[PDB]
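Encoded as structure tokens, the structure appears first; notes follow it.
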Amino acid sequence: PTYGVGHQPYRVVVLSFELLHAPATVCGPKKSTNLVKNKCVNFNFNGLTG
Amino acid sequence: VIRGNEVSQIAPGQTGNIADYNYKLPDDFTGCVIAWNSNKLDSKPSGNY
Amino acid sequence: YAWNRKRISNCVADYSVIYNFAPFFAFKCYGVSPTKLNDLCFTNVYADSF
Ligand SMILES: *[C@@H]1O[C@H](CO)[C@@H](O)[C@H](O)[C@H]1NC(C)=O
């Protein structure tokens, strides 16, 4: 604890995400919505807006 | 757990000691790095080994 | 107002020992990169301390 400010311990957690690789397994908090067809809407498929 | 001098080495496209011999990150990294001080948790007056 | 300048020349400069000498955070540069300083080399070095 006597040592300098540049030599203090630092806990590091590194999060890595893989995307656009597989059907999604972990996803964030967002409620679902019933599907309609033959009408242009604002869709959202696992984070793909359009 | 690392020291304060090598927090900048945890990044894509960096060399050194931690970044080249211990923990190397890829160039196409898509993620987030969280680092915080732990002087009240991982420090001892007799030294840590 | 009376900053000291030291002319570093005629020697082999190792920049990996700077982190052990002083407990600083960032080796902030403007023309070069910190990780590439052991590969290429210069004519003269000037160290200004205050
Ligand atoms: C700085 O120099 C003093 C005097 O020789 C020495 O006792 C001390 O260990 C040195 N510190 C570092 C970090 O080199």
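Naming works like this for the structure tokens: A, B, ... for the chains as they're shown, residue 1 at the start of each chain, ligands 1 onward in shown order.
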TODO: Considering only C-alpha atoms, return as a list in words whatever protein or nucleic-acid residues lie within 12 Å of residue 30 in chain A, sequence-local ones (same chain, fewer than 5 positions apart) excluded.
DONE: residues 44, 45, 46 and 47 of chain A
Go ahead and save the picked residues with C-alpha atoms, as an mmCIF file, in the first residue's frame.
data_model
loop_
_atom_site.group_PDB
_atom_site.id
_atom_site.type_symbol
_atom_site.label_atom_id
_atom_site.label_comp_id
_atom_site.auth_asym_id
_atom_site.auth_seq_id
_atom_site.Cartn_x
_atom_site.Cartn_y
_atom_site.Cartn_z
ATOM 1 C CA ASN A 44 -36.389 -6.255 -35.248
ATOM 2 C CA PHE A 45 -34.850 -9.736 -35.495
ATOM 3 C CA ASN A 46 -32.249 -10.200 -32.710
ATOM 4 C CA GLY A 47 -31.019 -6.629 -33.078
#
Each residue of chain C with at least one atom at most 7 Å from chain A should appear once, together with its nearest atom pair and the corresponding distance in Å (one decimal); atoms considered: only C-alpha atoms; ordering: chain, then increasing residue number; output as JSON lines.
{"residue": "C:23", "atom": "CA", "partner": "A:6", "partner_atom": "CA", "distance": 4.1}
{"residue": "C:24", "atom": "CA", "partner": "A:6", "partner_atom": "CA", "distance": 4.7}
{"residue": "C:25", "atom": "CA", "partner": "A:6", "partner_atom": "CA", "distance": 5.3}
Excluding residue 9 in chain B and any residue of its chain fewer than 3 positions from it, enumerate the residues within 12 Å of it, using only C-alpha atoms, and give them as a PDB file with N, CA, C and O atoms, in the first residue's frame.
ATOM      1  N   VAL A  12      -9.046  -6.613 -13.584  1.00  0.00           N
ATOM      2  CA  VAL A  12      -9.491  -6.455 -14.962  1.00  0.00           C
ATOM      3  C   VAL A  12     -10.432  -7.602 -15.304  1.00  0.00           C
ATOM      4  O   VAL A  12     -10.099  -8.775 -15.090  1.00  0.00           O
TER       5      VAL A  12
ATOM      6  N   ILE B   2      -3.697  -7.163 -12.808  1.00  0.00           N
ATOM      7  CA  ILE B   2      -2.447  -6.605 -13.311  1.00  0.00           C
ATOM      8  C   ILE B   2      -2.113  -5.352 -12.508  1.00  0.00           C
ATOM      9  O   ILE B   2      -2.752  -5.046 -11.503  1.00  0.00           O
ATOM     10  N   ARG B   3      -1.064  -4.650 -12.933  1.00  0.00           N
ATOM     11  CA  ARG B   3      -0.693  -3.398 -12.293  1.00  0.00           C
ATOM     12  C   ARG B   3      -1.158  -2.221 -13.149  1.00  0.00           C
ATOM     13  O   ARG B   3      -1.690  -2.390 -14.247  1.00  0.00           O
ATOM     14  N   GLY B   4      -0.951  -1.005 -12.638  1.00  0.00           N
ATOM     15  CA  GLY B   4      -1.424   0.184 -13.324  1.00  0.00           C
ATOM     16  C   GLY B   4      -0.636   0.552 -14.562  1.00  0.00           C
ATOM     17  O   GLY B   4      -1.156   1.271 -15.422  1.00  0.00           O
ATOM     18  N   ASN B   5       0.603   0.075 -14.676  1.00  0.00           N
ATOM     19  CA  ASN B   5       1.435   0.413 -15.823  1.00  0.00           C
ATOM     20  C   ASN B   5       1.031  -0.329 -17.089  1.00  0.00           C
ATOM     21  O   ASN B   5       1.426   0.086 -18.184  1.00  0.00           O
ATOM     22  N   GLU B   6       0.256  -1.408 -16.972  1.00  0.00           N
ATOM     23  CA  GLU B   6      -0.043  -2.274 -18.105  1.00  0.00           C
ATOM     24  C   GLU B   6      -1.537  -2.371 -18.393  1.00  0.00           C
ATOM     25  O   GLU B   6      -1.967  -3.306 -19.076  1.00  0.00           O
ATOM     26  N   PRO B  12      -6.499  -4.195 -28.452  1.00  0.00           N
ATOM     27  CA  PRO B  12      -6.057  -4.769 -29.728  1.00  0.00           C
ATOM     28  C   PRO B  12      -4.842  -4.048 -30.292  1.00  0.00           C
ATOM     29  O   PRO B  12      -4.716  -2.826 -30.188  1.00  0.00           O
ATOM     30  N   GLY B  13      -3.951  -4.826 -30.901  1.00  0.00           N
ATOM     31  CA  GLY B  13      -2.777  -4.294 -31.573  1.00  0.00           C
ATOM     32  C   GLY B  13      -1.747  -3.637 -30.679  1.00  0.00           C
ATOM     33  O   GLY B  13      -1.203  -2.587 -31.041  1.00  0.00           O
ATOM     34  N   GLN B  14      -1.461  -4.227 -29.522  1.00  0.00           N
ATOM     35  CA  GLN B  14      -0.471  -3.686 -28.602  1.00  0.00           C
ATOM     36  C   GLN B  14       0.489  -4.782 -28.171  1.00  0.00           C
ATOM     37  O   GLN B  14       0.089  -5.934 -27.984  1.00  0.00           O
ATOM     38  N   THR B  15       1.759  -4.417 -28.022  1.00  0.00           N
ATOM     39  CA  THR B  15       2.804  -5.318 -27.562  1.00  0.00           C
ATOM     40  C   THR B  15       3.295  -4.875 -26.187  1.00  0.00           C
ATOM     41  O   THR B  15       2.807  -3.903 -25.607  1.00  0.00           O
ATOM     42  N   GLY B  16       4.279  -5.603 -25.671  1.00  0.00           N
ATOM     43  CA  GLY B  16       4.819  -5.322 -24.357  1.00  0.00           C
ATOM     44  C   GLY B  16       5.146  -6.581 -23.585  1.00  0.00           C
ATOM     45  O   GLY B  16       5.773  -7.499 -24.121  1.00  0.00           O
ATOM     46  N   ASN B  17       4.726  -6.640 -22.323  1.00  0.00           N
ATOM     47  CA  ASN B  17       4.950  -7.806 -21.479  1.00  0.00           C
ATOM     48  C   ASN B  17       3.670  -8.574 -21.191  1.00  0.00           C
ATOM     49  O   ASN B  17       3.620  -9.789 -21.394  1.00  0.00           O
ATOM     50  N   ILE B  18       2.633  -7.893 -20.700  1.00  0.00           N
ATOM     51  CA  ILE B  18       1.341  -8.541 -20.504  1.00  0.00           C
ATOM     52  C   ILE B  18       0.686  -8.839 -21.846  1.00  0.00           C
ATOM     53  O   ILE B  18       0.140  -9.928 -22.060  1.00  0.00           O
ATOM     54  N   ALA B  19       0.755  -7.891 -22.780  1.00  0.00           N
ATOM     55  CA  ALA B  19       0.039  -8.005 -24.043  1.00  0.00           C
ATOM     56  C   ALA B  19       0.672  -8.992 -25.011  1.00  0.00           C
ATOM     57  O   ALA B  19       0.012  -9.396 -25.973  1.00  0.00           O
ATOM     58  N   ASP B  20       1.920  -9.384 -24.796  1.00  0.00           N
ATOM     59  CA  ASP B  20       2.611 -10.247 -25.742  1.00  0.00           C
ATOM     60  C   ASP B  20       3.023 -11.590 -25.166  1.00  0.00           C
ATOM     61  O   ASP B  20       3.155 -12.552 -25.925  1.00  0.00           O
ATOM     62  N   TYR B  21       3.233 -11.688 -23.853  1.00  0.00           N
ATOM     63  CA  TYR B  21       3.701 -12.921 -23.239  1.00  0.00           C
ATOM     64  C   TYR B  21       2.675 -13.583 -22.332  1.00  0.00           C
ATOM     65  O   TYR B  21       2.822 -14.772 -22.034  1.00  0.00           O
ATOM     66  N   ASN B  22       1.654 -12.857 -21.883  1.00  0.00           N
ATOM     67  CA  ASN B  22       0.687 -13.392 -20.933  1.00  0.00           C
ATOM     68  C   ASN B  22      -0.734 -13.424 -21.474  1.00  0.00           C
ATOM     69  O   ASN B  22      -1.387 -14.471 -21.418  1.00  0.00           O
ATOM     70  N   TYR B  23      -1.237 -12.305 -21.995  1.00  0.00           N
ATOM     71  CA  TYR B  23      -2.636 -12.195 -22.407  1.00  0.00           C
ATOM     72  C   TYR B  23      -2.712 -11.295 -23.632  1.00  0.00           C
ATOM     73  O   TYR B  23      -2.592 -10.073 -23.512  1.00  0.00           O
ATOM     74  N   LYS B  24      -2.926 -11.891 -24.800  1.00  0.00           N
ATOM     75  CA  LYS B  24      -2.963 -11.165 -26.063  1.00  0.00           C
ATOM     76  C   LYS B  24      -4.391 -11.120 -26.590  1.00  0.00           C
ATOM     77  O   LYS B  24      -5.058 -12.156 -26.672  1.00  0.00           O
ATOM     78  N   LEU B  25      -4.853  -9.921 -26.946  1.00  0.00           N
ATOM     79  CA  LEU B  25      -6.165  -9.653 -27.522  1.00  0.00           C
ATOM     80  C   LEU B  25      -6.077  -9.611 -29.047  1.00  0.00           C
ATOM     81  O   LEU B  25      -5.087  -9.121 -29.596  1.00  0.00           O
ATOM     82  N   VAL B  33     -13.653  -3.740 -21.903  1.00  0.00           N
ATOM     83  CA  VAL B  33     -12.655  -3.970 -20.865  1.00  0.00           C
ATOM     84  C   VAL B  33     -13.026  -3.135 -19.649  1.00  0.00           C
ATOM     85  O   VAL B  33     -13.277  -1.931 -19.773  1.00  0.00           O
ATOM     86  N   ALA B  35     -11.632  -2.158 -15.829  1.00  0.00           N
ATOM     87  CA  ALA B  35     -10.506  -2.216 -14.909  1.00  0.00           C
ATOM     88  C   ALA B  35     -10.756  -1.271 -13.748  1.00  0.00           C
ATOM     89  O   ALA B  35     -11.179  -0.129 -13.952  1.00  0.00           O
TER      90      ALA B  35
ATOM     91  N   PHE C  25       1.044   6.868 -15.084  1.00  0.00           N
ATOM     92  CA  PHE C  25      -0.072   6.179 -15.724  1.00  0.00           C
ATOM     93  C   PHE C  25       0.147   5.990 -17.222  1.00  0.00           C
ATOM     94  O   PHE C  25       0.214   4.857 -17.709  1.00  0.00           O
ATOM     95  N   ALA C  26       0.271   7.089 -17.960  1.00  0.00           N
ATOM     96  CA  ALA C  26       0.248   7.064 -19.415  1.00  0.00           C
ATOM     97  C   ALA C  26       1.538   7.645 -19.970  1.00  0.00           C
ATOM     98  O   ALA C  26       1.964   8.731 -19.566  1.00  0.00           O
ATOM     99  N   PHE C  27       2.147   6.918 -20.904  1.00  0.00           N
ATOM    100  CA  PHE C  27       3.351   7.364 -21.598  1.00  0.00           C
ATOM    101  C   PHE C  27       2.908   8.096 -22.866  1.00  0.00           C
ATOM    102  O   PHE C  27       3.007   7.601 -23.989  1.00  0.00           O
ATOM    103  N   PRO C  34       4.412   4.563 -28.123  1.00  0.00           N
ATOM    104  CA  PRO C  34       5.200   3.997 -27.012  1.00  0.00           C
ATOM    105  C   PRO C  34       5.710   2.587 -27.252  1.00  0.00           C
ATOM    106  O   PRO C  34       6.801   2.251 -26.776  1.00  0.00           O
ATOM    107  N   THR C  35       4.964   1.753 -27.975  1.00  0.00           N
ATOM    108  CA  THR C  35       5.357   0.360 -28.141  1.00  0.00           C
ATOM    109  C   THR C  35       6.427   0.165 -29.206  1.00  0.00           C
ATOM    110  O   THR C  35       7.067  -0.892 -29.231  1.00  0.00           O
TER     111      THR C  35
END
Open item on the list: Could you list, as a ChimeraX atom specification, all protein and nucleic acid residues with an atom at most 9 Å from ligand 1, counting only C-alpha atoms and all ligand atoms?
Closed with: /C:20-23
Open item on the list: Report, in Å with one decimal, the straight-line distance from CA of residue 30 in chain B to CA of residue 17 in chain A.
Closed with: 6.2 Å
- [ ] Would you please give, as number ranges by chain, all residues of chain A that DSSP assigns to strand (DSSP E) based on the backbone?
- [x] A: 9-16
